[PDB]
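First up is the structure itself, then whatever we jot down about it.
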Protein chains: 2
Amino acid sequence: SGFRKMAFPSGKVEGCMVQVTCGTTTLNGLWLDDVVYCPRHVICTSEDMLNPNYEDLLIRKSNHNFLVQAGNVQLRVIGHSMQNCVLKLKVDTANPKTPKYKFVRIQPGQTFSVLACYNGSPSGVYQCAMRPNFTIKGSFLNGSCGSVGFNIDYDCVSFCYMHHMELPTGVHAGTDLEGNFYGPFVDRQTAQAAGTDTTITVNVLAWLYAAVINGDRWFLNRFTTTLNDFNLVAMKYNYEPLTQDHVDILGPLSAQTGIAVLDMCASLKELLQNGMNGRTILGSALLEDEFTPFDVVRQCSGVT
Amino acid sequence: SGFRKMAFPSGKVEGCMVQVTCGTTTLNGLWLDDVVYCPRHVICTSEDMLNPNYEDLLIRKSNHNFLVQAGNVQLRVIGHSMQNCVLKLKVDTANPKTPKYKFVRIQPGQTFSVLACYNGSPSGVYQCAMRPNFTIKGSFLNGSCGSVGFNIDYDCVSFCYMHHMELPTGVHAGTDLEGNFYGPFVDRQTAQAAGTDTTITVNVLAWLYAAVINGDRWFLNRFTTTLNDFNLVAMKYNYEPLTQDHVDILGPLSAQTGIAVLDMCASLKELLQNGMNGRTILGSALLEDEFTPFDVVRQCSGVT
Ligand SMILES: Cc1ccncc1NC(=O)Cc1cc(Cl)cc(O[C@@H]2CC(=O)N2)c1
Ligand SMILES: Cc1ccncc1NC(=O)Cc1cc(Cl)cc(O[C@@H]2CC(=O)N2)c1
């Protein structure tokens with residue numbers, strides 16, 4: 001029993017973190033096989049960030065200008081290329097610590113662990129969700145660019161995020177490992193605003209199932225609702241519309257607790273309309289939406 | 001910017017997790033040098049847990065009855081001894097992955113990362129605090145016994161916790177790596193209750209400093225207070241009495257924000273007396289007490 005915002009063990013990812021320096025700028029790179037991936041804004045000076053032409057900027061750069069350092073050893077760069085917003089630095093040595101890996105583009109609402117790094121050194125690990133507005137509410141400072149987001153399936157690490165920038169709102173934006181930004185963000189120091197961030201309804205419900213499994217049942221009521229009636233309430237509170245696919249994904253949790261999804265929706269409806277009344281759920285005074293139904297099942301069953 | 005319940009990177013600890021089996025029971029062990037540490041209740045059957053005499057139970061056990069497995073390889077046990085509530089199984093092979101390590105007994109209010117494990121395999125990592133009542137609000141299931149709590153100082157891992165049991169209240173209890181339980185708990189399946197759990201005032205204040213550093217300043221008021229006046233309020237709300245040592249430890253955070261500790265105490269006083277009024281602080285609707293002043297400084301500065 002107990003329910004925590006749990007991250008994946010970070011060891012397989014620590015063994016991939018490297019430091020990439022280009023002139024004055026130092027950020028993190030991800031070393032898998034003989035390639036180091038990092039944000040392409042490593043080649044920019046503070047003046048270049050206002051309106052960078054990365055193709056022109058990369059032309060004034062050669063393999064020897066990219067300093068890659070893994071621990072205390074220098075990696076020799078034999079190739080460089082830009083793929084969307086990431087630079088791929090081909091090095092002469094394959095990472096002996098490269099785990100089984102995949103590059104995946106995650107969906108909004110899905111979760112992942114972040115290994116925050118500075119100077120190619122991991123400082124901490126936390127669990128995040130890709131927000132419906134394609135931002136992440138992370139914890140990153142200057143130097144954290146190149147820090148990655150990932151998931152682990154037994155021995156396979158799926159890299160899903162690379163940190164590039166913080167918006168003036170304090171939320172974070174970045175790319176998949178192919179350099180494509182999540183959301184409308186561009187790697188340029190210009191006013192960029194994150195759209196309306198909605199609450200991931202299927203995740204809140206999964207967390208309400210986690211609460212029931214862990215003894216917190218005060219919010220369970222004698223009511224039920226329908227998908228349409230619940231969604232009228234969800235829209236009012238800027239919650240993602242619940243679909244039959246979401247009801248389906250909640251299925252295993254509904255089967256374990258014996259509480260129909262629409263019955264849980266009715267509890268959520270009353271919690272939205274009436275608030276918590278000073279009460280808590282899993283030690284939280286607000287509705288948590290950063291646990292997918294998969295995270296709940298795996299934490300509440302014990303998947304290693 | 002951004003503030004998350006961040007855990008230490010777990011790689012150095014994953015390289016130490018092993019599986020210890022004794023008859024029917026399987027739990028986790030910690031392999032450092034040629035010694036595997038695990039909870040001594042691994043030798044108990046379900047009938048033994050009601051009133052175990054570990055000295056007598058250990059006498060019916062020989063080195064060959066303790067199955068230690070690191071990954072897919074079996075470790076040969078050449079010695080066994082009980083040190084308080086932990087068994088130390090001397091193996092013939094030193095862990096080639098043993099990091100620089102220390103065994104420390106942490107103080108209540110201090111934080112640490114937990115690497116939850118099952119069958120010697122890490123499943124997740126989260127940040128915890130040793131509660132003033134010496135319990136931890138963790139996330140552990142059956143098989144998680146032997147999972148450890150730790151801190152990292154650059155390259156040195158300080159092991160501070162080994163998970164042993166869950167209380168009927170859903171909170172967790174365990175020992176330091178010398179087998180001494182934190183709190184009055186005994187490793188016996190008998191009704192054990194955790195005393196009153198108070199809020200770690202110095203940690204809430206440190207988190208209020210983290211909030212100010214990250215833009216959340218709504219709670220800052222035009223008032224001040226004294227240590228004695230604040231502590232009258234803290235006692236009412238089951239908060240730890242704030243001492244001059246706590247004021248001292250808050251010093252670097254007070255210097256960064258330019259907000260005197262007693263001014264922050266006055267904001268906390270009003271938040272305790274009036275609540276949040278539907279507002280949030282660092283995305284939380286309640287006062288968070290699981291970040292020490294050290295955690296705040298290190299997260300808000302970027303210590304790797
Ligand atoms: C300092 C820090 C803290 C946490 N995480 C990241 C950083 N770094 C940056 O954000 C630097 C940067 C890189 C790019 Cl590619 C674009 C930038 O401008 C965006 C546009 C907008 O809004 N801000 C800024
Ligand atoms: C099942 C599980 C889930 C999470 N973490 C741990 C466990 N395991 C246990 O708790 C087994 C156990 C070991 C001991 Cl040494 C004493 C025990 O009785 C205490 C006394 C009281 O209260 N409960 C029970």
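Chain labels A, B, ... are given in the sequence in which chains occur in the structure tokens; within each chain residues are numbered consecutively from 1, and ligands are likewise numbered from 1 in the order shown.
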| Residues within 9 Å of ligand 2, counting only C-alpha atoms and all ligand atoms, as an MDAnalysis selection string | (chainID A and resid 1:2) or (chainID B and resid 39:42 49:50 85 138:145 163:174 185:194)
| query | Out of segment 259-297 of chain A, which residues get alpha helix (DSSP H) from DSSP, as number ranges by chain? | reply | A: 261-274, 293-297
| task | Counting only C-alpha atoms, collect the residues of chain B whose closest atom lies at most 8 Å from chain A, and write them out as a ChimeraX atom specification. | result | /B:1-12,14,115,117-118,121-126,137-141,166,170-171,214,284-286,299-304
| Point-to-point distance in Å for atom CA of residue 153 of chain A and atom CA of residue 20 of chain A |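 Spanning atom CA of residue 20 of chain A to atom CA of residue 153 of chain A is a straight-line distance of 28.0 Å.
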| said: So, with only C-alpha atoms and all ligand atoms as the atoms that count, which of A:175, A:133, A:19, A:81 lies closest to ligand 1? | reply: A:175
| request: Tell me, as a VMD selection string, which residues lie within 6 Å of segment 93-98 of chain B, counting only C-alpha atoms; anything in the same chain fewer than 4 positions away does not count. | output: chain B and resid 15 32 to 34
| Pick from A:242, A:43, A:157, A:220: nearest to ligand 1, with only C-alpha atoms and all ligand atoms counted? |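 Closest candidate: A:43.
Minimum atom-to-atom distance to residue 66 of chain B, evaluated using only C-alpha atoms, belongs to B:21 out of B:90, B:21, B:161, B:38.
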| request: Can you pull out every residue within 10 Å of residue 206 of chain A, counting only C-alpha atoms, but drop anything in the same chain fewer than 3 positions away, and send it as a count of residues only? | output: 25
| task | For residue 265 of chain B, work out the shell of residues within 7 Å, counting only C-alpha atoms and skipping chain neighbours fewer than 3 positions away, then give it as a list in words. | result |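 Answer for this query is residues 225, 230, 261, 262, 268 and 269 of chain B.
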Put those residues in a file: C-alpha atoms, as a CSV table (one decimal), in the first residue's frame.
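Printed below is part.csv as written:
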```
chain,number,residue,atom,x,y,z
B,225,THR,CA,6.0,37.3,13.9
B,230,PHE,CA,4.8,31.4,15.6
B,261,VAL,CA,12.7,33.8,8.2
B,262,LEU,CA,10.3,35.3,10.7
B,268,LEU,CA,2.9,30.4,7.2
B,269,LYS,CA,0.9,31.4,10.3
```
| said: From the options A:37, A:58, A:84, A:28, which residue's atoms come nearest to residue 71 of chain A, counting only C-alpha atoms? | reply: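 Using only C-alpha atoms, residue 71 of chain A sits closest to A:28.
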| request: From the DSSP assignment of the backbone, select every residue of segment 99-279 of chain B that is strand (DSSP E or B), and format the answer as a ChimeraX atom specification. | output: /B:100-103,111-118,121-129,136,148-153,156-166,172-175,181,199,239
File dump, residues just selected, C-alpha atoms, as a PDB file, in the first residue's frame:
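Once everything was written out, this is again.pdb:
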```pdb
ATOM      1  CA  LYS B 100      31.568   4.570  -2.595  1.00  0.00           C
ATOM      2  CA  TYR B 101      29.111   4.094   0.311  1.00  0.00           C
ATOM      3  CA  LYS B 102      28.322   5.001   3.913  1.00  0.00           C
ATOM      4  CA  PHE B 103      25.685   3.723   6.345  1.00  0.00           C
ATOM      5  CA  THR B 111      14.670  13.253   3.146  1.00  0.00           C
ATOM      6  CA  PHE B 112      15.931  10.379   0.996  1.00  0.00           C
ATOM      7  CA  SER B 113      15.292   8.501  -2.223  1.00  0.00           C
ATOM      8  CA  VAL B 114      13.822   5.045  -2.194  1.00  0.00           C
ATOM      9  CA  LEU B 115      14.497   2.494  -4.893  1.00  0.00           C
ATOM     10  CA  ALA B 116      11.437   0.188  -4.605  1.00  0.00           C
ATOM     11  CA  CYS B 117      12.453  -3.328  -5.680  1.00  0.00           C
ATOM     12  CA  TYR B 118      10.797  -6.771  -6.155  1.00  0.00           C
ATOM     13  CA  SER B 121      14.830  -5.896  -9.539  1.00  0.00           C
ATOM     14  CA  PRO B 122      14.249  -2.151  -9.250  1.00  0.00           C
ATOM     15  CA  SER B 123      10.731  -1.065 -10.240  1.00  0.00           C
ATOM     16  CA  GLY B 124      10.770   2.633  -9.323  1.00  0.00           C
ATOM     17  CA  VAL B 125      12.324   5.531  -7.502  1.00  0.00           C
ATOM     18  CA  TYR B 126      10.689   8.180  -5.333  1.00  0.00           C
ATOM     19  CA  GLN B 127      11.589  10.852  -2.774  1.00  0.00           C
ATOM     20  CA  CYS B 128      10.529  10.301   0.878  1.00  0.00           C
ATOM     21  CA  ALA B 129      10.995  11.974   4.243  1.00  0.00           C
ATOM     22  CA  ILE B 136       7.781   6.770   5.888  1.00  0.00           C
ATOM     23  CA  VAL B 148      16.646   0.777   0.415  1.00  0.00           C
ATOM     24  CA  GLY B 149      16.571   4.520   1.082  1.00  0.00           C
ATOM     25  CA  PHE B 150      19.617   6.599   0.327  1.00  0.00           C
ATOM     26  CA  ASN B 151      21.160   9.976  -0.412  1.00  0.00           C
ATOM     27  CA  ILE B 152      24.020  10.804  -2.816  1.00  0.00           C
ATOM     28  CA  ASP B 153      26.920  13.223  -2.123  1.00  0.00           C
ATOM     29  CA  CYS B 156      29.163   8.643  -2.290  1.00  0.00           C
ATOM     30  CA  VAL B 157      25.896   6.826  -1.582  1.00  0.00           C
ATOM     31  CA  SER B 158      24.710   7.119   2.009  1.00  0.00           C
ATOM     32  CA  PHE B 159      22.354   4.268   2.755  1.00  0.00           C
ATOM     33  CA  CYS B 160      19.919   5.339   5.407  1.00  0.00           C
ATOM     34  CA  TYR B 161      16.887   3.057   5.172  1.00  0.00           C
ATOM     35  CA  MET B 162      15.934  -0.570   4.561  1.00  0.00           C
ATOM     36  CA  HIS B 163      12.237  -1.338   4.194  1.00  0.00           C
ATOM     37  CA  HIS B 164      10.872  -4.032   6.540  1.00  0.00           C
ATOM     38  CA  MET B 165       7.128  -3.607   7.103  1.00  0.00           C
ATOM     39  CA  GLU B 166       3.884  -1.855   6.452  1.00  0.00           C
ATOM     40  CA  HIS B 172       5.969   2.079   6.284  1.00  0.00           C
ATOM     41  CA  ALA B 173       8.576   1.160   8.862  1.00  0.00           C
ATOM     42  CA  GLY B 174      12.136   0.026   8.601  1.00  0.00           C
ATOM     43  CA  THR B 175      15.690   0.162   9.789  1.00  0.00           C
ATOM     44  CA  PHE B 181      14.497   0.344  13.436  1.00  0.00           C
ATOM     45  CA  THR B 199       4.471  18.471  10.123  1.00  0.00           C
ATOM     46  CA  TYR B 239       3.711  21.425  13.453  1.00  0.00           C
TER      47      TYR B 239
END
```
| message | Taking only C-alpha atoms and all ligand atoms into account, name the residue in A:91, A:18, A:184, A:107 that is nearest to ligand 1. | response | A:184
| request: Point out the residue among A:22, A:207, A:104, A:83 with the least atom-to-atom distance to residue 62 of chain A, counting only C-alpha atoms. | output: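 Checking each of A:22, A:207, A:104, A:83 against residue 62 of chain A, counting only C-alpha atoms, the winner is A:22.
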